[PDB]
Amino acid sequence: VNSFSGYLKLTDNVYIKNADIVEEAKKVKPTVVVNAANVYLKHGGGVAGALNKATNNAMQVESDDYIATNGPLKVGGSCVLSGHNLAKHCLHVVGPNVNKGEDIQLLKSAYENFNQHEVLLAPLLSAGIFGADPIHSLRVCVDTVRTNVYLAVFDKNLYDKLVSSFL
Ligand SMILES: O=C(Nc1ccc(C(=O)N[C@@H]2c3cccc(O)c3C[C@@H]2C(=O)O)c2scnc12)NC1CC1
């Protein structure tokens with residue numbers, strides 16, 4: 001039993017809710033919240049900008065030190081950093097950004113990072129300002145992630161479309 005509430009069950013291990021991931025993290029304080037990161041951990045907009053704003057920029061400060069030490073992530077890769085006031089840990093995962101021409105096949109590699117964590121609160125990777133089709137992202141999630149994932153979808157209209165079209 002866990003504290004995630006109001007989710008629709010899509011499969012054995014994947015759950016979905018119309019929710020603001022920031023507000024959901026604040027309320028649940030999950031072990032892991034996933035950030036929709038870029039390789040530079042520059043949390044300017046989208047989910048990343050919102051998560052970072054909710055940490056009062058502490059996520060960005062920590063991220064800048066990480067990059068200065070380690071260099072950029074790979075597209076499809078991830079790193080574990082602090083969850084600050086939102087979660088125990090933040091798993092920063094880089095999905096391909098279609099508006100940069102990155103290969104969408106890398107989306108499966110990106111979701112594979114979730115399998116290193118037993119339970120996660122997450123957005124749909126490569127959705128929103130990353131330019132991918134969210135219906136496709138949900139399909140890859142379901143077909144790749146084997147651990148327990150709670151997906152927060154900000155847009156109510158998109159949430160309803162994702163549920164109604166789910167196979
Ligand atoms: O801003 C947040 N939280 C989140 C921000 C961005 C996102 C995000 O990238 N969503 C995508 C998006 C955005 C726009 C059009 C779209 O078709 C899609 C597909 C995805 C979706 O619809 O979910 C999310 S997902 C849960 N939470 C947040 N909190 C602050 C109080 C405002």
# chains A, B, ... in the order shown; residues from 1 in each chain; ligands from 1
call {"tool": "select_by_dssp", "arguments": {"residues": "segment 4-164 of chain A", "states": "helix (DSSP H, G or I)", "output": "MDAnalysis selection string"}}
result
chainID A and resid 21:28 46:54 58:70 98:100 106:116 128:130 134:144 156:164
call {"tool": "closest_atom_pairs", "arguments": {"of": "chain A", "to": "ligand 1", "cutoff": "7 Å", "atoms": "only C-alpha atoms and all ligand atoms", "output": "CSV"}}
result
residue,atom,partner,partner_atom_place_in_ligand_line,distance
A:19,CA,ligand 1,26 (C),5.7
A:20,CA,ligand 1,27 (N),3.7
A:21,CA,ligand 1,27 (N),3.7
A:22,CA,ligand 1,29 (N),5.1
A:23,CA,ligand 1,29 (N),6.8
A:46,CA,ligand 1,6 (C),4.5
A:47,CA,ligand 1,6 (C),3.8
A:50,CA,ligand 1,1 (O),4.9
A:123,CA,ligand 1,25 (S),4.9
A:124,CA,ligand 1,20 (C),6.3
A:127,CA,ligand 1,19 (C),4.7
A:128,CA,ligand 1,12 (C),3.5
A:129,CA,ligand 1,9 (O),6.5
A:134,CA,ligand 1,19 (C),6.0
A:152,CA,ligand 1,26 (C),4.5
A:153,CA,ligand 1,23 (O),3.2
A:154,CA,ligand 1,23 (O),3.7
A:155,CA,ligand 1,22 (O),3.9
A:158,CA,ligand 1,22 (O),5.4
A:159,CA,ligand 1,22 (O),6.6
call {"tool": "write_last_selection", "arguments": {"atoms": "N, CA and C atoms", "output": "CSV table (one decimal), in the first residue's frame"}}
result
chain,number,residue,atom,x,y,z
A,19,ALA,N,-3.1,15.8,-12.8
A,19,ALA,CA,-2.6,16.5,-11.6
A,19,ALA,C,-1.4,17.4,-12.0
A,20,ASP,N,-1.1,18.4,-11.2
A,20,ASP,CA,0.1,19.2,-11.3
A,20,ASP,C,1.1,18.4,-10.5
A,21,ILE,N,2.2,18.0,-11.2
A,21,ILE,CA,3.2,17.2,-10.5
A,21,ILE,C,3.8,17.8,-9.3
A,22,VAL,N,3.9,19.2,-9.4
A,22,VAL,CA,4.5,19.9,-8.2
A,22,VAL,C,3.6,19.8,-7.0
A,23,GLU,N,2.3,19.9,-7.2
A,23,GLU,CA,1.3,19.8,-6.1
A,23,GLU,C,1.2,18.4,-5.6
A,46,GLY,N,8.6,24.2,-18.7
A,46,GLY,CA,8.0,22.9,-18.7
A,46,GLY,C,7.9,22.4,-17.3
A,47,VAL,N,7.9,21.0,-17.1
A,47,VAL,CA,8.0,20.4,-15.8
A,47,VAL,C,9.2,20.8,-15.1
A,50,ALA,N,9.0,24.3,-13.6
A,50,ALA,CA,8.0,24.3,-12.5
A,50,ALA,C,8.5,23.6,-11.2
A,123,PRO,N,6.2,12.6,-14.9
A,123,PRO,CA,5.5,13.1,-16.0
A,123,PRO,C,5.7,12.1,-17.2
A,124,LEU,N,5.0,12.3,-18.3
A,124,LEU,CA,5.2,11.6,-19.5
A,124,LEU,C,6.5,12.2,-20.2
A,127,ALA,N,7.0,14.7,-23.6
A,127,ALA,CA,5.7,15.4,-23.9
A,127,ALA,C,5.9,16.8,-23.6
A,128,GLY,N,4.8,17.6,-23.7
A,128,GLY,CA,4.9,19.0,-23.5
A,128,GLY,C,5.9,19.7,-24.5
A,129,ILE,N,6.7,20.6,-23.9
A,129,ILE,CA,7.6,21.4,-24.7
A,129,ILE,C,8.7,20.5,-25.4
A,134,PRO,N,2.2,12.7,-26.8
A,134,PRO,CA,2.0,12.1,-25.5
A,134,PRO,C,1.4,10.7,-25.5
A,152,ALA,N,1.6,11.9,-13.6
A,152,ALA,CA,0.8,13.1,-13.4
A,152,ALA,C,0.8,13.8,-14.8
A,153,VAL,N,-0.5,14.1,-15.2
A,153,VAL,CA,-0.7,14.8,-16.5
A,153,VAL,C,-1.4,16.1,-16.2
A,154,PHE,N,-0.7,17.2,-16.4
A,154,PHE,CA,-1.1,18.5,-16.1
A,154,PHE,C,-2.4,18.9,-16.8
A,155,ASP,N,-2.5,18.6,-18.1
A,155,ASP,CA,-3.6,19.1,-18.9
A,155,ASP,C,-4.8,18.2,-18.8
A,158,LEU,N,-5.8,16.7,-22.2
A,158,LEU,CA,-4.9,15.6,-22.6
A,158,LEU,C,-5.0,14.4,-21.8
A,159,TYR,N,-5.2,14.5,-20.5
A,159,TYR,CA,-5.5,13.4,-19.6
A,159,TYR,C,-6.7,12.6,-20.1
call {"tool": "atom_distance", "arguments": {"atom1": "atom CA of residue 98 of chain A", "atom2": "atom CA of residue 118 of chain A"}}
result
28.7 Å
call {"tool": "atom_distance", "arguments": {"atom1": "atom CA of residue 30 of chain A", "atom2": "atom CA of residue 87 of chain A"}}
result
5.0 Å
call {"tool": "residues_around", "arguments": {"residues": "residue 166 of chain A", "least_positions_apart": "2", "cutoff": "10 Å", "atoms": "only C-alpha atoms", "output": "number ranges by chain"}}
result
A: 10, 135, 138-139, 160-164
call {"tool": "write_last_selection", "arguments": {"atoms": "N, CA, C and O atoms", "output": "short mmCIF file (atom, residue, chain, number, x, y, z; two decimals), in the first residue's frame"}}
result
data_model
loop_
_atom_site.label_atom_id
_atom_site.label_comp_id
_atom_site.auth_asym_id
_atom_site.auth_seq_id
_atom_site.Cartn_x
_atom_site.Cartn_y
_atom_site.Cartn_z
N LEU A 10 -3.89 1.80 -15.18
CA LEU A 10 -3.85 1.43 -16.60
C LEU A 10 -3.41 -0.01 -16.78
O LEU A 10 -3.94 -0.71 -17.65
N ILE A 135 0.56 10.38 -26.50
CA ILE A 135 -0.03 9.05 -26.61
C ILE A 135 1.07 8.02 -26.82
O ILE A 135 1.07 6.94 -26.22
N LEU A 138 3.08 7.52 -23.55
CA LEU A 138 2.40 6.63 -22.62
C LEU A 138 2.56 5.17 -23.04
O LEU A 138 2.78 4.30 -22.19
N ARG A 139 2.47 4.89 -24.34
CA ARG A 139 2.64 3.53 -24.82
C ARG A 139 4.05 3.01 -24.49
O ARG A 139 4.22 1.89 -23.99
N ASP A 160 -7.77 13.23 -20.43
CA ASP A 160 -8.95 12.51 -20.93
C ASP A 160 -8.64 11.82 -22.25
O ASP A 160 -9.10 10.70 -22.49
N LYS A 161 -7.89 12.48 -23.13
CA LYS A 161 -7.53 11.86 -24.40
C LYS A 161 -6.64 10.63 -24.19
O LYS A 161 -6.79 9.62 -24.88
N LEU A 162 -5.68 10.72 -23.27
CA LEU A 162 -4.79 9.59 -22.99
C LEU A 162 -5.57 8.38 -22.46
O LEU A 162 -5.32 7.24 -22.87
N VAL A 163 -6.49 8.62 -21.52
CA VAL A 163 -7.30 7.53 -20.98
C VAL A 163 -8.18 6.93 -22.07
O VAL A 163 -8.24 5.71 -22.25
N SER A 164 -8.90 7.79 -22.79
CA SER A 164 -9.90 7.31 -23.73
C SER A 164 -9.29 6.57 -24.91
O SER A 164 -9.96 5.74 -25.52
#
call {"tool": "residues_around", "arguments": {"residues": "residue 125 of chain A", "least_positions_apart": "2", "cutoff": "8 Å", "atoms": "only C-alpha atoms", "output": "PyMOL selection string"}}
result
chain A and resi 36+94-95+107+110-111+123+127+137
call {"tool": "write_last_selection", "arguments": {"atoms": "N, CA, C and O atoms", "output": "PDB file, in the first residue's frame"}}
result
ATOM      1  N   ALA A  36      11.601  16.058 -16.007  1.00  0.00           N
ATOM      2  CA  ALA A  36      11.788  16.105 -17.455  1.00  0.00           C
ATOM      3  C   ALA A  36      12.963  17.028 -17.770  1.00  0.00           C
ATOM      4  O   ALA A  36      12.803  18.194 -18.139  1.00  0.00           O
ATOM      5  N   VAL A  94      16.457  12.492 -19.143  1.00  0.00           N
ATOM      6  CA  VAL A  94      16.490  13.238 -20.395  1.00  0.00           C
ATOM      7  C   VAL A  94      15.801  12.414 -21.474  1.00  0.00           C
ATOM      8  O   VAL A  94      16.379  11.472 -22.021  1.00  0.00           O
ATOM      9  N   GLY A  95      14.561  12.759 -21.791  1.00  0.00           N
ATOM     10  CA  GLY A  95      13.930  12.244 -22.983  1.00  0.00           C
ATOM     11  C   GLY A  95      14.391  13.035 -24.194  1.00  0.00           C
ATOM     12  O   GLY A  95      14.840  14.178 -24.074  1.00  0.00           O
ATOM     13  N   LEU A 107      13.466   7.408 -26.578  1.00  0.00           N
ATOM     14  CA  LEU A 107      12.468   7.500 -25.525  1.00  0.00           C
ATOM     15  C   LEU A 107      12.423   6.219 -24.691  1.00  0.00           C
ATOM     16  O   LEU A 107      12.250   6.271 -23.470  1.00  0.00           O
ATOM     17  N   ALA A 110      15.213   6.268 -22.240  1.00  0.00           N
ATOM     18  CA  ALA A 110      14.907   7.212 -21.170  1.00  0.00           C
ATOM     19  C   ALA A 110      14.017   6.559 -20.114  1.00  0.00           C
ATOM     20  O   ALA A 110      14.284   6.652 -18.913  1.00  0.00           O
ATOM     21  N   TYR A 111      12.955   5.873 -20.545  1.00  0.00           N
ATOM     22  CA  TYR A 111      12.068   5.221 -19.582  1.00  0.00           C
ATOM     23  C   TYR A 111      12.750   4.071 -18.846  1.00  0.00           C
ATOM     24  O   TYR A 111      12.363   3.766 -17.716  1.00  0.00           O
ATOM     25  N   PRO A 123       6.228  12.593 -14.859  1.00  0.00           N
ATOM     26  CA  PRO A 123       5.506  13.083 -16.030  1.00  0.00           C
ATOM     27  C   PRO A 123       5.750  12.134 -17.203  1.00  0.00           C
ATOM     28  O   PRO A 123       6.630  11.273 -17.167  1.00  0.00           O
ATOM     29  N   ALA A 127       7.000  14.662 -23.575  1.00  0.00           N
ATOM     30  CA  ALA A 127       5.750  15.351 -23.855  1.00  0.00           C
ATOM     31  C   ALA A 127       5.925  16.848 -23.607  1.00  0.00           C
ATOM     32  O   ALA A 127       7.026  17.340 -23.336  1.00  0.00           O
ATOM     33  N   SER A 137       4.261   8.462 -25.941  1.00  0.00           N
ATOM     34  CA  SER A 137       5.041   8.397 -24.714  1.00  0.00           C
ATOM     35  C   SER A 137       4.400   7.464 -23.692  1.00  0.00           C
ATOM     36  O   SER A 137       5.097   6.683 -23.031  1.00  0.00           O
TER      37      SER A 137
END
call {"tool": "closest_residue", "arguments": {"among": "A:59, A:75, A:90, A:80", "to": "residue 103 of chain A", "atoms": "only C-alpha atoms"}}
result
A:75
call {"tool": "select_by_dssp", "arguments": {"residues": "segment 21-146 of chain A", "states": "strand (DSSP E)", "output": "number ranges by chain"}}
result
A: 32-36, 78-82, 89-93, 119-122
call {"tool": "atom_distance", "arguments": {"atom1": "atom CA of residue 99 of chain A", "atom2": "atom CA of residue 41 of chain A"}}
result
17.0 Å
call {"tool": "closest_residue", "arguments": {"among": "A:18, A:105, A:147, A:63", "to": "residue 82 of chain A", "atoms": "only C-alpha atoms"}}
result
A:63
call {"tool": "closest_residue", "arguments": {"among": "A:140, A:51, A:25, A:33", "to": "residue 122 of chain A", "atoms": "only C-alpha atoms"}}
result
A:33
call {"tool": "closest_residue", "arguments": {"among": "A:104, A:121, A:73, A:1", "to": "residue 150 of chain A", "atoms": "only C-alpha atoms"}}
result
A:121
